[PDB]
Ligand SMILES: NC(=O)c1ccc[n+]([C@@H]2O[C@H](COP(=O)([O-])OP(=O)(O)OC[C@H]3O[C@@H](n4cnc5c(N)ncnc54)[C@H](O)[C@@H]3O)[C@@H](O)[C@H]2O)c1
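We begin with a single chain expressed as structure tokens, specifically the form solved without the named molecule.
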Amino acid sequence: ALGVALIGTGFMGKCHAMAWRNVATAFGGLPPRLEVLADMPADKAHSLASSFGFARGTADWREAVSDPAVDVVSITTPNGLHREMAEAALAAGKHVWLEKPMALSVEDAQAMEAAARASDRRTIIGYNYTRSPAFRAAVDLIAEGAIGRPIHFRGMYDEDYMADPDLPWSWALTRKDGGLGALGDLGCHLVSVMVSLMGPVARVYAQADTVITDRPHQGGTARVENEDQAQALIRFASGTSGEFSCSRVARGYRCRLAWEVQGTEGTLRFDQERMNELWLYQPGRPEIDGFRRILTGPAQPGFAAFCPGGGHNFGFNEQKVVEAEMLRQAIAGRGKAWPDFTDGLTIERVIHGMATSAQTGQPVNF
């Protein structure tokens, strides 16, 4: 049984806790031990340790990470503490489940990448949009030649959580203390899906905008420093073309990570807002020719562990149960987990390259 430490009792902390709790229920084997939950205030850590089912709560995350009854650490804390907590956990010989991003800077992620190899411990980044049965069925369909050779990718990730210009300035809207804007909150997720479908990125040319440049701060204005939206043309290492965008100011969209792979022999199309539908076109006889709506069910990877009957919608939170399982099996040496800190660094370099391209108005190569 895996000894589990969880750091952060925020919403992604709770998402991790719910996944650890049901991973053996879904996939079988021994339920992981929920050893130690870490957060502040210490009254906090204790309240949620009780309801989350952890043996003890602690306000000392460094103590949590070095606990000898612990094997794997989930890190769900704010972005700026990711490097520190991850390297500390690897230093203590713990496996790491790290919420995106690895770090704010490529330089930090690179150190994390070197530290992870050196530790000989499993790592995985919380790119949970790669865990849906629909997405995994799409990768398998492409691998079976369902759409022949991929000739074009078009992806987007629209949300509107920053659209309201009255929302207050925060240190997260600063380059230093936040890093990337929309490319950091959303771009990285779209890249995680995109490279999984099309293989590695060779080149980007990007544009970006700050749409709301000043926000309420104390009694006055403070300046927004990172992008609200960005778009890029992609060239994949394969030679294939791509279109890419993200926005945190796209009004009416809440989780619109939408992508499409056009192939020589078909097209796959998906929208996370309807995560139980995969659209597949393959040439058919004229009388019946058209896109198929594939409704998520037990024919798709992971679904059978949650429900034996198709069309019982798989949820966002169950993505995280699959991610937990993938890490469990990797820790037991029964399957590689993706992405580790090495694959993760590559994603960090692509979104930073996109930011660099938009700033310089020049293409960036990888």
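Note that residue numbering begins at 1 and tracks the sequence as displayed.
Beyond what is shown, the protein has a form deposited with the named molecule bound; the following relates to that form.
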item: Non-hydrogen atom contact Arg83 with the named molecule in the deposited complex at 4.5 angstroms; value: no
item: Exercise: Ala24 in contact with the named molecule in the deposited complex, heavy atom 4.5 Å; value: no
item: In the deposited complex, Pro200 touching the named molecule (heavy atom, 4.5 Å); value: no
item: Partner contact for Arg136 in the deposited complex: the named molecule, 4.5 angstroms, heavy atom; value: no
item: Candidate from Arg56, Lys336, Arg33, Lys44 lying within 4.5 Å of the named molecule in the deposited complex - any heavy atom; value: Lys44
item: Segment assignment from 230-238, 111-119, 92-100, 141-149: heavy atom within 4.5 Å of the named molecule in the deposited complex; value: 92-100
item: Heavy atom within 4.5 Å of the named molecule in the deposited complex - qualifying residues of 64-97; value: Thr76, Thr77, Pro78, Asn79, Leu81, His82, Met85
